[PDB]
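Each of two forms of one protein chain follows alone as structure tokens, named structure 1 and structure 2.
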Structure 1
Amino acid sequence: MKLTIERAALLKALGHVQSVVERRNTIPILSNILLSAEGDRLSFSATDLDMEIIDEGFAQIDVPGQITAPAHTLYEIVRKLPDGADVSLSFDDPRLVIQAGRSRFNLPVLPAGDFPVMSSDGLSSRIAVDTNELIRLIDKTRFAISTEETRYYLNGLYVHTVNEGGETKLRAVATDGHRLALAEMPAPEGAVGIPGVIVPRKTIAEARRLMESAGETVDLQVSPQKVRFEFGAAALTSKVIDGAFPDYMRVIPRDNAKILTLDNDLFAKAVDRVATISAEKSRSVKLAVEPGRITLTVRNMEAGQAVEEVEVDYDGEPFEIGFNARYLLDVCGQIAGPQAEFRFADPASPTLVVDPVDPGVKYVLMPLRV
């Protein structure tokens, strides 16, 4: 292998793929990038076995070939090279030689034949999804995905279509067992009837990162075993979580009749204030709801109390309900306009939060005893 490539091109590709590589990874080849030179392109692949990121850059290829080399180290070297440098990559020592200006690096390689192969058999045809739309699906819901390390059905984003309101919707649902987030859009042409898949948490994160540099649309492919996002030259192919996502429709309350509307910014500030008396990781807040008012109370585990009254629009029966303060603030953080609407049943039942300026989202909070 022998080629020359512009620093900016090399850096752009390296930066895109190297994100998947775990810092704390133990199998040496999974710390590497597969470099594949052919024609007028250098291809770049990295993986953590669950997902693979690929990217391509233009290069002047004197001799085609394939090698693997340490990903973060290669990225860091190139980052530190002078602006505008042309970079020579040469594989008669067995190391990859990187030369630019008056710098020369020799990096140990591992054989390209030991690098894992992510198969894309079985995928649907490409479905073009508006990029901003996809970004909204993710940003409205991903906070509710569980951060646990397991391969449990809660540790990813359930992407599926539903036939509702005279329209098929492309819908994303996240839950960690404590709260739920739902966001949807009109189903793009070709998405209607995709199989429902649970996209892993890390895959969503990496896809969302790549979306920051994407064009007008992102191509999506789906099978029951895989998902693929294409962002022009870059692509992310991932396994999906094997199992049955819960019947979340059973959790999302339809009939909650105690409806309350409030000033979301003022309420969120009040919740945040009263929650300040606790330095504890988990902080519960009591909402004493009555006509015209919510009285918020937080207590810590060292005798401290905080109370705040917030005027709200409500004229039903009084009741008291508790929520994890962070989960409540997370919901208020998603609301796009000045009001939030809450729908309650009894203090033991799930609570619905709706956004009057976005009918395409739903949030569910599960109550607790403080």
Structure 2
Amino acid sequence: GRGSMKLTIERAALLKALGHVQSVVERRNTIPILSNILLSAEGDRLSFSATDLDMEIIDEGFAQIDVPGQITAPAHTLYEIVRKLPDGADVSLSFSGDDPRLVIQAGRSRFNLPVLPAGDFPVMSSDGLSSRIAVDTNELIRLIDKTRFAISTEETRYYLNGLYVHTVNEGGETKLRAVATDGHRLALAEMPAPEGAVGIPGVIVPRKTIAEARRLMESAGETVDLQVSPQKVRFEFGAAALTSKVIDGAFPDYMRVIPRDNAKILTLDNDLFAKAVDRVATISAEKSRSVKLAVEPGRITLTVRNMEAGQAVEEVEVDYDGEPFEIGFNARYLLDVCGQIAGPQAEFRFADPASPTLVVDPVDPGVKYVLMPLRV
């Protein structure tokens, strides 16, 4: 039929690997094998693979293998089954014969699932990729976490639905930089470039790739290996790896939209301010809630209104000695920036009420946020 396979694996190890790879599997597929995990047993290693064609996750666990072989079975169902199996039970996986089903058993339970042959499972090439670049896991987390919120989810601009990862020579030192924008704001984060990074092309890593890599990163060791080409990116975590296409598109010329000479400098207590904004925004249940900042020496007055004659106002003392002005922002966009500020202060740099505004982190010079004002 499709050969044979027979092994046992600890539930915890099986569950870990299934949980790692299943996430990439879409909840619908007109192509049924894309709903499946590829199981490949050899030696003392059970390998796992899943894909949505844009990316592939692979993982591996220890197994006791009586008969080596390969098969595919439905990802979600297999995962959900294994979740319900008793804690500590060893799980037998096997199939054989002319009308094979994947047989899962543990304790007094037996499940049979339909299978598709391993030879029909998609193959994701690694051709063209750079050599592996060791990246500090925590630095890689930082690049993602400081910028991820500003990635577009708008179907109408596919080229903004990813994170632009590239190297920059910033006045004699090479930086690995991440930029995300949705056209309504922008986030930038960078680090001194890892050794061996210089040479890689600038790529737009898809937003789902970012999500999946970020989740796998949370449990990785000190290093994540990165490989890049103009077509592909690959993250190696140890036992798990994620290989993905990049977005074939031009990322905007983002340096043009980051203001360099904003001269009105305002410093504030980030937590206090964010709490104020969130508080006043609570007057409204709308999606795109606006907040007005009335800035004067020593203070900012925040105002939000709803459509039903409700009003909220709060005064926040700040460090500012310039000329007064009013400016409007989308409250969520503002709050997103505040949530990424690393220390007690945030520094706003304004020009005039129609101009892009810069936010700087006194703790971390390697991040830069841009907010676009709303007509007030």
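Take the two forms, superpose them, and find the largest set of C-alpha atoms that agree within 1.5 Å; that set is the rigid core. Counting starts at 1 and follows the sequence of structure 1.
Trainee: Can you spot, among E148, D242, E189, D139, the one with a CA shift of 2 Å or more between structures 1 and 2 after core superposition?
Mentor: The listed residue whose C-alpha shifts by at least 2 Å is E148.
Trainee: Where the core is superposed, what shift in Å does the CA of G165 undergo between structures 1 and 2?
Mentor: C-alpha displacement of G165 between structures 1 and 2: 4.2 Å.
Trainee: By how many angstrom does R254 shift at its CA between structures 1 and 2 when the core is held fixed?
Mentor: For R254, the C-alpha ends up 0.4 Å from its position in the other form.
Trainee: Can you give me the Cα shift for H72 between structures 1 and 2? Core-superposed, in angstrom, one decimal please.
Mentor: Here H72 registers a C-alpha shift of 1.2 Å.
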